[PDB]
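What follows is a single chain, given as structure tokens, in the form deposited in one PDB entry.
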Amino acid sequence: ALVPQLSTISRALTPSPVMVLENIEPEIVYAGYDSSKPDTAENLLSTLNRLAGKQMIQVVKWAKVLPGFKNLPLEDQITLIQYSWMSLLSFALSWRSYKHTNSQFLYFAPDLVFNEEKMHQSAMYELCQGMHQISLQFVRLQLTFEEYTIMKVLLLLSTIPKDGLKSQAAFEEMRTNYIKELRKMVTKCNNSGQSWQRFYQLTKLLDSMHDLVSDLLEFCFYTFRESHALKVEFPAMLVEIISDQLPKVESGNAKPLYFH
């Protein structure tokens, strides 16, 4: 007589959150690097900024379909993306470096791979070495794609306003759920000692991104404010993001969340 509103088939066929993360992972983006131009800081940095703007367009499309993110107030979704963008892009850079070059180079894009020489020419050498160190860590830990996709969501949820989000409870719920995903993901089959040791390594890695990202942002805000004198160009997307972030971070309104 009445139509069952529950779908057994639907629940059974719905993919796990981890499988969804794999399904929504953005496709690789090209930098549009032109080797006919000289490899001076002005050109390399402008090209990386253009690449960043293209990558952020895809990050936003990804965030729209990230399981759980839609549950947070809109204002909070926008805020987390703005506070975490540098952590997401630098972590993804190490991932590509790890997968495409065994962490021997920094794989910004298929058409723009930095070797030591480009790192020096970029005038961002020490920062490049810092992102490279994360890539090297991926090799030591043999980071898996599943672990990486969960950690990336955790990074999106790693920095919040000192004040607070519109819904701290909604945020905590999502953050706790994804930490649970990582927790289960590192569970072996049966060996708590090894399982906790790896969870510790992964969370220590996540934590280490805050100091790296702070240094990346210091340099970013610096080149941004002196873009005219330095001739470093930024695409509309980055001007929007940085114009919002710079004052908030510099006034002490960004609060990093740590595991340790």
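Residue numbers run from 1 along the displayed sequence.
In the deposited entry, the stretch joining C189 to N190 is interrupted by 1 to 3 residues of the deposited sequence lacking coordinates.
For the pair 87-95 and 172-180, the record assigns the higher mean C-alpha temperature factor to 172-180. Relative to one another, 51-59 and 196-204 have unequal mean CA B-factors, and 196-204 is the one with the higher figure. Between the residues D39, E218, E27, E233, it is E27 that shows the highest Cα B-factor in the PDB record. Across the options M119, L157, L74, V139, the residue with the most elevated CA B-factor in the record is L74. Residue-level temperature factors show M124 in the middle third of its chain, judged at the C-alpha atom.
In the deposited entry, the Cα temperature factor of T79 places it in the highest third of its chain's modelled residues. In this PDB entry, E146 carries a Cα temperature factor that places it within the middle third of its chain's modelled residues. Sort the chain's modelled residues by C-alpha temperature factor and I9 lands in the highest third, per the entry. Per the deposited record, the Cα B-factor of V249 falls in the middle third when ranked against the other modelled residues of its chain.
This protein has a second form, the form deposited with a partner chain bound, left out of what is shown; the following refers to that one.
Exactly one of the stretches 98-106, 130-138, 74-82, 114-122 approaches the partner chain in the deposited bound form with heavy atoms within 4.5 Å, and it is 74-82. Within 4.5 Å of the partner chain in the deposited bound form, a heavy atom is found for none of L45, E226 and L230. Scanning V60, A41, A31, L66 against the partner chain in the deposited bound form with a 4.5 Å heavy atom cut-off leaves one residue, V60.
Within 4.5 Å of any heavy atom of the partner chain in the deposited bound form lies no heavy atom of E250. For the chain shown alone, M237 is a contact residue for the partner chain in the deposited bound form, at least one non-hydrogen atom being within 4.5 angstroms.
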